[PDB]
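> What follows is a single structure, and I will ask about it in a moment.
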Amino acid sequence: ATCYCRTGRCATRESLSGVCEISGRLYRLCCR
């Protein structure tokens with residue numbers, strides 16, 4: 001799969017691995 005941070009929820013196929021941190025803002029890490 002491909003883990004990456006995004007500004008919000010990801011797709012169903014993706015998988016949350018943890019909470020990212022970008023620009024001081026918390027991001028969501030999803031893996032697909």
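Residues in the structure tokens are numbered from 1 in each chain, the chains being A, B, ... in the order shown, and ligands are numbered from 1 in the order shown.
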Got a sec: who's within 7 Å of residue 4 in chain A, counting only C-alpha atoms, leaving out chain neighbours fewer than 2 positions off, as a list in words?
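That gives residues 2, 6, 29, 30 and 31 of chain A.
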> Could you list, as a ChimeraX atom specification, every residue within 7 Å of residue 20 in chain A, counting only C-alpha atoms and ignoring same-chain residues fewer than 3 positions away?
/A:5,26-29
> Keeping C-alpha atoms, export the residues of the selection given above as an mmCIF file, in the first residue's frame.

```
data_model
loop_
_atom_site.group_PDB
_atom_site.id
_atom_site.type_symbol
_atom_site.label_atom_id
_atom_site.label_comp_id
_atom_site.auth_asym_id
_atom_site.auth_seq_id
_atom_site.Cartn_x
_atom_site.Cartn_y
_atom_site.Cartn_z
ATOM 1 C CA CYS A 5 -0.735 12.307 4.938
ATOM 2 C CA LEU A 26 -2.643 17.487 12.339
ATOM 3 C CA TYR A 27 -2.963 15.366 9.201
ATOM 4 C CA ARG A 28 -4.373 11.890 8.639
ATOM 5 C CA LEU A 29 -2.100 9.087 7.438
#
```
> Apply DSSP to the backbone of this structure and, from chain A, keep only the residues in strand (DSSP E or B); write these as a PyMOL selection string.
chain A and resi 3-6+15-22+25-31
> So the first atom is CA of residue 12 in chain A and the second is CA of residue 24 in chain A; what is the distance between them in Å, to one decimal place?
25.9 Å
> Rank A:13, A:32, A:23, A:18 by their smallest atom-to-atom distance to residue 1 in chain A, using only C-alpha atoms, and report the top residue only.
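Looking at the shortest contact to residue 1 in chain A, the residue is A:32.
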